[PDB]
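**Q** Experimental coordinates follow, after the sequence.
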Amino acid sequence: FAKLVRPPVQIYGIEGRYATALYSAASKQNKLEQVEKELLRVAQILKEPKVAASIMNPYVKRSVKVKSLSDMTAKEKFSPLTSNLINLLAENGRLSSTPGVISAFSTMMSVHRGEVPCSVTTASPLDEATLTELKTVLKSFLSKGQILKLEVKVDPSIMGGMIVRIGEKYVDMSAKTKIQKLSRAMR
Amino acid sequence: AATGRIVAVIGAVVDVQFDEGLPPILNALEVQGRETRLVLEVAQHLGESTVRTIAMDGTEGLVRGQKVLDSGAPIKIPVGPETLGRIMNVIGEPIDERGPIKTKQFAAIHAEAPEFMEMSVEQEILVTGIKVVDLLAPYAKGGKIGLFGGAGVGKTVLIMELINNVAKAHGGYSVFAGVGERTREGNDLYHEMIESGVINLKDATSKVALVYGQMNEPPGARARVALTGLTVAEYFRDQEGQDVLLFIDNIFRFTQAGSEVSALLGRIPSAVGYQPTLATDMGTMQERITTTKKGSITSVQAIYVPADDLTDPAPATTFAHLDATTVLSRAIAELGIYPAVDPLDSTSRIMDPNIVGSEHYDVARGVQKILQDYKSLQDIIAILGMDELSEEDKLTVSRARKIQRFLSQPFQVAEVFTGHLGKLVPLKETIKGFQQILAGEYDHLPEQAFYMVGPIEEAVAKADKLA
Amino acid sequence: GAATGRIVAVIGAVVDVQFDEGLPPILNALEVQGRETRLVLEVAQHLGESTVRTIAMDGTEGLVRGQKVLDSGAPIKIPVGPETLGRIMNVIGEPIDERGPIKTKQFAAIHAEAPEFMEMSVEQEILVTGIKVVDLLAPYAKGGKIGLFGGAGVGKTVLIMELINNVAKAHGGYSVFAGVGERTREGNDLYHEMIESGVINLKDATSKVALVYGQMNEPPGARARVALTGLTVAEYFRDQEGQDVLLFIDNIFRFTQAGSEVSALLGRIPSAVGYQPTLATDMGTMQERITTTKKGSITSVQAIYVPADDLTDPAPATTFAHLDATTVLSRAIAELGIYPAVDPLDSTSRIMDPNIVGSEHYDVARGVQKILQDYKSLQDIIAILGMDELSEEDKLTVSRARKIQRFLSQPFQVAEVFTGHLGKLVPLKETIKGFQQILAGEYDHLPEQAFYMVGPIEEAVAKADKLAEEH
Amino acid sequence: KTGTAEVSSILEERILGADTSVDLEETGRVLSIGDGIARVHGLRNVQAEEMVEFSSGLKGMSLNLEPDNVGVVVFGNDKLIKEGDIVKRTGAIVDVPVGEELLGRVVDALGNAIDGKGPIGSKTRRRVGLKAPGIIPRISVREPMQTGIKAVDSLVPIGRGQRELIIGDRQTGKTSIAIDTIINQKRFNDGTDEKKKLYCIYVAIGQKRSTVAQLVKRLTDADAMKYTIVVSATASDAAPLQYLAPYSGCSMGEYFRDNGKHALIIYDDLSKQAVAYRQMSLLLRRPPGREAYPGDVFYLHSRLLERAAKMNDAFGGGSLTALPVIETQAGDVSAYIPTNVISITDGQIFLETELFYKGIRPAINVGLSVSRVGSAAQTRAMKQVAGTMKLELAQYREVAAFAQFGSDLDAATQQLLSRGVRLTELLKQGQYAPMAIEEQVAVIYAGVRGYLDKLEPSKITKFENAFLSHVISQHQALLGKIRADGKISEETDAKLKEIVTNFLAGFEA
Ligand SMILES: Nc1ncnc2c1ncn2[C@@H]1O[C@H](COP(=O)(O)OP(=O)(O)OP(=O)(O)O)[C@@H](O)[C@H]1O
Ligand SMILES: Nc1ncnc2c1ncn2[C@@H]1O[C@H](COP(=O)(O)OP(=O)(O)O)[C@@H](O)[C@H]1O
Ligand SMILES: [Mg+2]
Ligand SMILES: [Mg+2]
């Protein structure tokens, strides 16, 4: 056997077996930034009431789901190493988990330049003068030549603060600090 | 019925992936590209056009990709009148090498039970002709028997005497079905049957149809030997209407081989280590032996009781089906009495006056009584003395000695050894003779003249000649 | 360093590592970085995608995933030689007695193969230890293999520390004590019982023993490899130097039993009563390296714990074939005060033979064992009929048999702190003569309390006079 | 469910292209090795039960054919196999050298040489996995096979073409019933007759090496290693080498069966093959059963112990006799493996350690032993005296409780305590002293006829040794008139009456 390029996520399960065999095969010949553009076009033709009618049908035939997608994957735009991959999943019986692999390849390819975004969870939204700081003072932490991304979700049970999660960091400043006043009642 | 490539071989378990003609369960496959026939019987379905099957010969030299056909039926066997006097294994091939079995129609080995409205509702008694078996533990018709006693007791001479009595008054042929038997003792059984007259290598005058599945044949082919010896036994019930017999040797190796198949597939075992389907698997075999309206099948099965444990899961389940027992013990052979039958420990479930009548019950309960107190005062006479028992105890010495010698009988299949002619007695000649010893009409007869005779008129005849 | 792997899964004492470049073979050693103590992991399986399944030799606390793992290129390499005498050593070959390091010029990797069929010395001898049950009924052999069975609390650390006194001081060759998982208390006596007795000398170079100690406060992967650090020091003295060695191991059941503690965590289906499915294979890989070849000799004495006094257990009953001589201590005998507890009707040797020990030694020890099996058929009669119903011949049997049973007992020298008696050491020529006379009838006129705890038969009449004077 | 060969390196090449660089029809790489079990990606054409041959020089055997890999057991150490090692094929089921160039040599379970003399010079081979004969090519056994033990030849006799199970506890005398079975054959194996010879094989499974080394020296000095093969899979090996070792020795003893010769094989012991199979199954993840044995473990000892046959005149007239050895654990003959092998074989010989210390050696229980063939597998003279002997040592067993506290009994019961304890003293026998057959018919004729009742029971085991040395030297012409005629005629039944009574006078001095 041979050694392979290490993906910077290393997920597990039935996704990350096939979603690393694709990352290692396409990182050879430097086919990396191209192949995500082709995997997002099979990511639209999978959801079709004739294509998805037999991509998850058990009772069609073991063989005719191999010729029907191989004729489909080659003619319209592309003939890269993905045409072998769709032929590889279909030859094994893993056609049901096909949307799982591309959602697994996307999170594996995103970290090659991405951030795994933070999650500010405070209140009803804010103005521009207090948000463009937190979209810039959250860039002062990382410092590795990167372009940050973010999510926002509103929760009122946190009464008077904001929680944020840069990766797996969780600097919590909120109204948990009422429960921390148990030490007054704790002798 | 189509062609299927192989895809896995693990032990005695083959895995066959068809394309269109997916066979049903219990369908016999046939591997192509080999020397002699290797069959496979389909036992599951797994999805993805894959079955799984239990092989019935050695699983060596099988390549991943061989093409295996489909017979479109279960294991079909030569079923006919020209199969008596022959030997075949589980899949019909002759192994005595006397020529191929030339037969017209075949039959599959897997069927269902007789129907609810095909049964018989009046219990009848199959006379054999043996003196102890007719009276003190009578056989039913359609019933099931247990035979206890191993080697060294006078056992195989009892089996061949059954077959040379069922064909002299009843006309129904038999089957032998050795399940997992010894290859060394399958030949002394064959070669004794030839010189005794039941199998004859010249003509159309045979009685037994040997079906030998032997001990070095894989566990998938050891369970199916009592079905192939049952399938032969139904042509002489269905297609001819006779009173079949059927010997299985023995009923424990049928059970033990089912637990090996069930553990090669993966099923979690039951109590002490047997298979979960232990009573249904015995059910679907033992329910095909009944008395339908055309004819019947009778059965006679030997039982091995492991570790002297009569409540072990395998002889518990087998005793739920029995209608009799027969016990061969070592001690009765020492007295000189043949066959070695213990008349106090051999039972019969139909021993009841509504089934056997009033005359037959009040004799086999009388002669069952006179031999119970003699076992009690086989100690008082063994310590205190002889003349010290009462004068009414000098009659329980006589009439428990004159009777247990009249439970002996000169067989016919051992004709040259004893030199005496083999005698048969009907069922009203068993009853006419035992009543007159408890009545003491023949109280003036010595205890040696009651030895190896036929009717009551012979013992008396024998006594006159002496001295 | 090569193949600097990384840790992925620490579940119990079974760590799995993942290698980028170079996969190491089975049975190697791996060095976990960044710890102030030395933790050694030995490779045991190859899983696929360049991950192996190891076993730690220490504590698995503080193991963070993603931690580097080096590789040495060989199995575990211990020190060996002549300078390992009068020392105590670890499983991976380190000092544990705080005397400094072991300065040797030769290392031996602990995984070797059993010597072949054409290197097997065939000769038998005899060996005299001084005990009237060993030397009479189950005699040893110079170069044989000797196993001490019996339950818990019957006398196995005493009978093995008495033979260290008897044989391993009057011996020209060397000895090794390997402690495979026992009480750390008992590993402090024998370090100090042999400093005052001259077998260990802490200033000069004339010691005659070497110690290997991994005890029962140790993780169960390191209690499976002090059985092999023992017979790697005890093989350099047999093969390389042409000497003669003695092998003392206590206890060897903790080698098997510490293999059942990591069987299912490795990924195997467990066998019968709970042992690993490789019982008689990992055992016989080790018990064939303890043999006498034609380059030297080894006389091995191993204590064998029988769990819950159950001799038909699979861990002792697969050890009865790797041994020449069995001395089986019972508990129903040591409850009668008889010490050594050795069962007369269950010990057995190979050289009990009328062509090696002589046809006078043989006729005696086959009449001691024949009168003790004649006793037990009378003990079922006494429980109903009582003692004063028996005939006058059968009364003579019970009296001699109780005289013989009491005469098999002997005060050891290491019971001078337990009982307060004084110790014996009986020669062989007196042992045969004493037992020959009790069977004849030449001491039928004495009380039984003379025979309890004496040496020679001439001391068992010097007690029956003191009992009659103080009457 | 993931599948074994679905690793991240197998899928990775199939995305690149077609697999032309490796062919996979003949060679397959290894996925994962552990504890003597390998997993191999490829090898599409491998037959079941086929030897493979690894990259580091070792061998293999194919047992699990699975839809994505093959699982192969490894012979030898496992520190030589790794992940990524090419495996190849040989193309056949395993075969072993076979001839008469094995006699006097010591071989392991693959037919190689270990005694250091030199390589085997045979020009034949044989597959280890062949079948038994059928119902037809056999005949009922009629040939005596003599051991030289007065108990085994007179109470539980063996014939040629029979299985007989040596069963008993540890330290009982098992290995020694079957080592003067070998030494006894030198009487016939140096003479001129051809249908009385025998060629013995000894199989040692899992013993330590220096018990075999003490057995090639026991047999050389007694001059019986010119017709004895020794097959030795010992304990330090791998587990499949101990699995093949009785098949490897039952094909070495079938060439002597197909050619009108005779043989005798001794498996020692069959309770260590069955543990060597069980280690191999439960690492191949085959489902367990009772006592964690696989389901097909009756199929191990049934296809092996049925190759011992007695062929007939149209096939050559050969034979093969097998004595398998089984060790119980504290008299428990109701465990799993000791109840398979009692059902297969044709009798057992049962040795106890209670009788071993009460002064009866060889420590045979007569009550719990049987041979199923029995009286047909005896000479016509040993049949004559043992029919009075087996009966009278059976009447002693019923009155054997009365003997402890008894003098107030009947004169008949005091007789069975008398005669039964003389016949027990005859059957004692020293180690490594087999006897000729017609000599045992002399000794047993003295006890069972009445010429020992007037003696003392410690003078029985002296009288036998003094009766034999008088009849060997001064009556050698009458110990060849039984060895030729076979049956004791009345002209010899009246002549031994004038020897024993004319020796019983001038003895007690
Ligand atoms: N007939 C006999 N007379 C005297 N001694 C005997 C006799 N048979 C065996 N022995 C003794 O028994 C001892 C052990 O016997 P052996 O080892 O042959 O039996 P075993 O049951 O095979 O033991 P294991 O099973 O441990 O190999 C030997 O030392 C031998 O001296
Ligand atoms: N001479 C002796 N014989 C028998 N037992 C003794 C003797 N002297 C002391 N004992 C006691 O017997 C016990 C035996 O335990 P020991 O042999 O130390 O451990 P083990 O549990 O390994 O047998 C000791 O605790 C000791 O108290
Ligand atoms: Mg201790
Ligand atoms: Mg042995």
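**A** Alright, I've got the coordinates. Residues are numbered from 1 along each chain as shown, chains lettered A, B, ... in the order given. Ligands and ions are numbered 1, 2, ... in the order given.
**Q** Now do the SS call for the nearest residue to residue B:148 once chain neighbours are set aside.
**A** Distances taken as Cβ to Cβ, 6 or more residues apart in numbering or on different chains place residue B:327 nearest to residue B:148, at 4.5 Å, with adjacent residues excluded. C-beta here means a position set from N, CA and C on the backbone, and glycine is covered the same way. The three-state label given to residue B:327 by DSSP: H, G, I helix; E, B strand; the rest coil is strand.
**Q** count of residues packed around residue B:327?
**A** 19 (other Cβ atoms under 10 Å in any protein chain shown).
**Q** OK, contacts around it?
**A** B:148, B:149, B:341, B:342, B:345, B:346 (Cβ atoms under 8 Å, 6 or more residues apart in numbering or on different chains).
**Q** The one residue in the stretch 151-300 of chain D that gets nearest to chain A: what's it in contact with?
**A** Chain A sits closest to residue D:285 of the stretch 151-300 of chain D, with a gap of 20.9 Å, by Cβ to the nearest Cβ. By Cβ under 8 Å, 6+ apart, the residues touching residue D:285 are residue C:269.
**Q** and it, that's in a helix?
**A** No. Secondary structure of residue D:285 (three-state DSSP): coil, not part of a helix.
**Q** Any figure for the gap between it and ligand 1?
**A** In this view, residue D:285 and ligand 1 are 33 Å apart by Cβ to the nearest ligand atom, to the nearest Å.
**Q** Ok, residue B:21 next?
**A** Counting by Cβ to the nearest ligand atom, the gap between residue B:21 and ligand 1 amounts to 58 Å.
**Q** what's in contact with the longest helix seen in chain D?
**A** Taking DSSP state H as the criterion, chain D has its longest helix at helix D:382-398. Surrounding helix D:382-398, the residues in contact under the criterion Cβ under 8 Å, 6+ apart are D:153-155, D:157, D:366-367, D:375, D:378, D:416-417, D:419-421, D:423-424, D:437, D:440-441, D:444-445, D:447-448, D:487-488.
**Q** Can you give me the buried ones in that helix?
**A** Residues of helix D:382-398 classed as buried by neighbour count (16 or more other Cβ atoms under 10 Å in any protein chain shown): D:382, D:383, D:384, D:385, D:386, D:389, D:390, D:393, D:396.
**Q** gap between that helix and the chain center?
**A** Counting by Cα atoms, centre = their mean, to the nearest Å, helix D:382-398 is centred 27 Å from the centre of its parent chain.
**Q** helix or strand right after that helix?
**A** helix D:413-426 (DSSP states H and E).
**Q** after that next one comes which helix or strand?
**A** Downstream of helix D:413-426 (by DSSP H and E), the next one is helix D:437-449.
**Q** Remind me what the strand or helix carrying residue A:102 packs against, helices and strands.
**A** Per DSSP H and E: residue A:102 is located in helix A:98-110. Contacts defined by 3 or more Cβ pairs under 8 Å, 6 or more residues apart in numbering or on different chains; DSSP states H and E place helix A:98-110 against helix A:13-27, helix A:32-39, helix A:42-45.
**Q** mind redoing it with 10 Å?
**A** Here helix A:98-110 touches helix A:13-27, helix A:32-39, helix A:42-45, helix A:82-92, going by 3 or more Cβ pairs under 10 Å, 6 or more residues apart in numbering or on different chains; DSSP states H and E.
**Q** Would you agree residue D:461 is in contact with residue D:428?
**A** Yes. The pair residue D:461 / residue D:428 is scored as a contact, 5.9 Å apart, by Cβ atoms under 10 Å.
**Q** Mutual contacts of these two, please.
**A** residue D:359 (Cβ atoms under 10 Å, 6 or more residues apart in numbering or on different chains).
**Q** Would you map out the domains in chain D?
**A** Using curated CATH domains, the domains assigned to chain D come out as D:1-92, D:93-378, D:379-509.
**Q** Please apply the same query to chain B.
**A** According to curated CATH domains, the ranges for chain B are B:1-74, B:75-350, B:351-467.
**Q** Name the residue of chain A that lies nearest to ligand 2.
**A** Ligand 2 sits closest to residue A:12 of chain A, with a gap of 48.7 Å, by Cβ to the nearest ligand atom.
**Q** check contacts around the residue of the stretch 201-350 of chain B found nearest ligand 2.
**A** Going by Cβ to the nearest ligand atom, ligand 2 is nearest to residue B:307 of the stretch 201-350 of chain B, at 36.1 Å. The contact partners of residue B:307, taken as Cβ under 10 Å, 6+ apart, are D:332, D:333, D:334, D:339.
**Q** likewise residue B:121?
**A** residue B:291.
**Q** backbone phi and psi for it, please?
**A** Dihedral angles of residue B:121 (phi, psi; degrees, to the nearest 10) stand at phi -120, psi 0.
**Q** what about it, distance to residue B:293?
**A** Per Cβ to Cβ, to the nearest Å, residue B:121 is found 11 Å from residue B:293.
**Q** can you check residue B:338 too?
**A** 38 Å.
**Q** Looking at the two, which is more packed in?
**A** residue B:338 (20 against 11).
**Q** That one contacts residue B:408, doesn't it?
**A** Yes. The pair residue B:338 / residue B:408 is scored as a contact, 5.4 Å apart, by Cβ under 10 Å.
**Q** Which residue of chain A lies farthest from its centroid?
**A** When distances are taken from the C-alpha mean of chain A, residue A:187 lies farthest, 48.8 Å away, according to Cα atoms, centre = their mean.
**Q** helix/strand/coil for it?
**A** coil.
**Q** Let me see the contact set for it.
**A** Residue A:187 touches nothing, counting by Cβ under 10 Å, 6+ apart.
**Q** on that earlier part again, redo the contacts of residue B:307 as TSV? Include distance to ligand 1, secondary structure and neighbour count.
**A** Below are the contacts of residue B:307 laid out as TSV (distance: Cβ to the nearest ligand atom, whole Å; DSSP: H, G, I helix; E, B strand; the rest coil; neighbours: other Cβ atoms under 10 Å in any protein chain shown):
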residue	distance to ligand 1	secondary structure	neighbour count
D:332	16	coil	12
D:333	15	coil	16
D:334	20	coil	13
D:339	20	helix	14
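**Q** who's in contact with the residue nearest to the spatial centre of chain A?
**A** When Cα atoms, centre = their mean is applied to chain A, the residue found nearest the centroid is residue A:107 (2.9 Å). Counting by Cβ under 10 Å, 6+ apart, residue A:107 makes contact with A:9, A:11, A:15, A:16, A:19, A:114, A:116.
**Q** That one and chain C, how far apart?
**A** 20 Å (Cβ to the nearest Cβ, to the nearest Å).
**Q** ditto for residue B:466
**A** 50 Å.
**Q** Next up, phi/psi of the residue nearest to that residue when sequence neighbours are not counted, please.
**A** Counting by Cβ to Cβ, 6+ apart, residue B:449 is the residue found nearest to residue B:466 once chain neighbours are left out, at 6.2 Å. Residue B:449 adopts backbone torsions of phi -80, psi 0, taken as degrees, to the nearest 10.
**Q** And residue D:29, by the same measure?
**A** phi -80, psi 160.
**Q** Surely it touches residue D:21?
**A** No. No contact is recorded between residue D:29 and residue D:21 when judged using Cβ under 10 Å, the distance being 11.4 Å.
**Q** more neighbours, the two?
**A** residue D:29 (19 against 7).
**Q** Contact partners for the more buried one?
**A** A:1, D:9-10, D:22, D:40-43, D:55, D:83-87.
**Q** Apply 6 Å and report the result again.
**A** The contact partners of residue D:29, by Cβ atoms under 6 Å, 6 or more residues apart in numbering or on different chains, come to D:41, D:84.
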